[PDB]
There are 2 protein chains.
Amino acid sequence: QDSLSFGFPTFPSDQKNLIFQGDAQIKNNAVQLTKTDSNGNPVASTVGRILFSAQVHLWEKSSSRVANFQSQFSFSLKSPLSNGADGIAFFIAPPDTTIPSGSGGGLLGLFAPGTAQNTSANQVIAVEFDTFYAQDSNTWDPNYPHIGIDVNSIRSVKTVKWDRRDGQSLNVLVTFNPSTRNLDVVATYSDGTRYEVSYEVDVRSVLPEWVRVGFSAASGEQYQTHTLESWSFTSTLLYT
Amino acid sequence: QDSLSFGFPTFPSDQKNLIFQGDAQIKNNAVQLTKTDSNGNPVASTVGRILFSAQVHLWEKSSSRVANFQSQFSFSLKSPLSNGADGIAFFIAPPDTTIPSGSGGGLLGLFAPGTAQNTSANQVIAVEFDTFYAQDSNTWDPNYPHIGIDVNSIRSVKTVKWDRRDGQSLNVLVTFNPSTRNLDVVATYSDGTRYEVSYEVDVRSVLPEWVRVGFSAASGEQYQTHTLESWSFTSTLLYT
Ligand SMILES: OC[C@H]1O[C@H](O[C@@H]2[C@H](O)[C@@H](O)O[C@H](CO)[C@H]2O)[C@@H](O)[C@@H](O)[C@@H]1O
Ligand SMILES: [Ca+2]
Ligand SMILES: [Ca+2]
Ligand SMILES: [Mn+2]
Ligand SMILES: [Mn+2]
């Protein structure tokens, strides 16, 4: 289809169109990307992702068209630790994408250690909300929590300072306009605090015509819950 | 998802979210539900169906919600004969639906012979565009071409006299309103000729909570092409 849209105001346990990978599962009408114990507390060494089952037609060679898409979602992070890790990311990748071996912790379940910073070995666009930036282990990160745009590498093409707020939901709107090729990110907390970051990228040179969209999160030695609370997505092919 | 929508203005060969069953295949940017030869002419004894891959949440027992839905599509029928058969149908059924054994010809690839008129043995709602009504083989049909609403039986609960026009595209709008429980069908030819038929039905007592939507067509001894040209669908769970 040239156009596709779906909306999850909440996430009931009875799901049919979500692909669950790793430890991801539904609990209390939300998606818990990372594993939690019986008490609902976060644990270390966990990775989880979800993808919508239907494939999205991002661009089309034959017609020279590229999709205009928007993804709106909200999530919250919670941890008793002073340095909860590692973060959650909205991502777009080839349909057959699976969790790479050793992609835990700072690699957010998106990259393999051997090629995490090799842009020629990956096919992924992701918007990360990264809460762990220890310069000794996450050497590629700026020294502070941040929102980053990742294009084929865990080393973001761009980041902006972000404030992690325990237990508070962050609403995010990610849009891509094929005419300007701008990928825009706008995130806000309920008190009006806003973060904005944009990057110009030709998705046709990074991803295949058909892709899947979803979320990924991980926790290494430090941990926190990564709770996806709602998600709506729409995409339509436009001539450009 | 509480809401889902998709649109196929045309049907390029590169399809990823369609389930093809029987003889259905893409040719010339359209879906040919029934088999055709090299010259492109229709052949006898063929059945074909397509279903969208993502499951639709038609109703939710826990929240007591039922979805409204709208399906818009266009198709054309062509045949060297004047008695083209058998017809095409838009249908909604359980996700694991497959072509029943011996469902060719007048059964439109939707029902099994032994239970075609047994409402207690079926789970399907369909809107048929029936062009063949010979009483020797299609005993359940009115004696004229027609559009009908089928609820668990090949014998339509409601029909309207219809005119088959070789090679002309028929635009159809099918809508279900959970508030009134009315399934409405409006079909029009380009010159404005219009046909309408509606029926009140509680989808909750006929189908499971999750379903798949698609089209089916068949040709027995008499034949014609059943070309699906475009298709858009939208569904949203409502409280009412
Ligand atoms: O495709 C039309 C029709 O074909 C087959 O039935 C035949 C027709 O009723 C007509 O041609 O007369 C034949 C002789 O009695 C009869 O077989 C079946 O496949 C039927 O299901 C289909 O509708
Ligand atoms: Ca990090
Ligand atoms: Ca018939
Ligand atoms: Mn980072
Ligand atoms: Mn009929």
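Counting starts at 1 for both ligands and their atoms, in listed order. Here is the naming used below: chain letters follow the sequence lines, and residue numbers restart at 1 for every chain. Any value given below was found using the heavy atoms of this structure, including those in side chains, with hydrogens, waters and symmetry copies removed.
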Residue B:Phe132, metal the Ca ion (ligand 3), N/O/S under 3.0 Å:
yes

Out of B:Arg164, B:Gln224, B:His226, which one pairs with B:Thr131 under the side chain to side chain donor-acceptor pair (under 3.5 Å) rule?
B:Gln224

May I have the angle between A:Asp130 OD2 and A:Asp141 OD2 with its vertex at the Ca ion (ligand 2), rounded to 10°?
80°

Between B:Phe129 and B:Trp162, how do the two ring planes meet: parallel, tilted or perpendicular, split at 30° and 60°?
perpendicular

Taking 3.0 Å as the cut-off, does B:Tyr133 contribute an N, O or S atom near the Ca ion (ligand 3), distance below it?
no

Using distance alone, with no hydrogens and no angle criterion, decide if A:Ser76 and A:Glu229 have a side-chain donor and acceptor under 3.5 Å apart.
yes

Decide if the gap between the ring center of A:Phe215 and the ring center of A:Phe75 is smaller than 6.0 angstrom.
no

Atom name, A:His146 (N, O or S, nearest to the Mn ion (ligand 4))
NE2

Report the atom name of the nearest N/O/S atom of A:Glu128 relative to the Mn ion (ligand 4).
OE2

Run the salt-bridge test on A:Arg165 and A:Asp163 with the 4.0 Å N-O cut-off and return the result as yes or no.
yes

Vertex the Mn ion (ligand 4), arms to A:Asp141 OD1 and A:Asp130 OD2, rounded to 10°:
90°

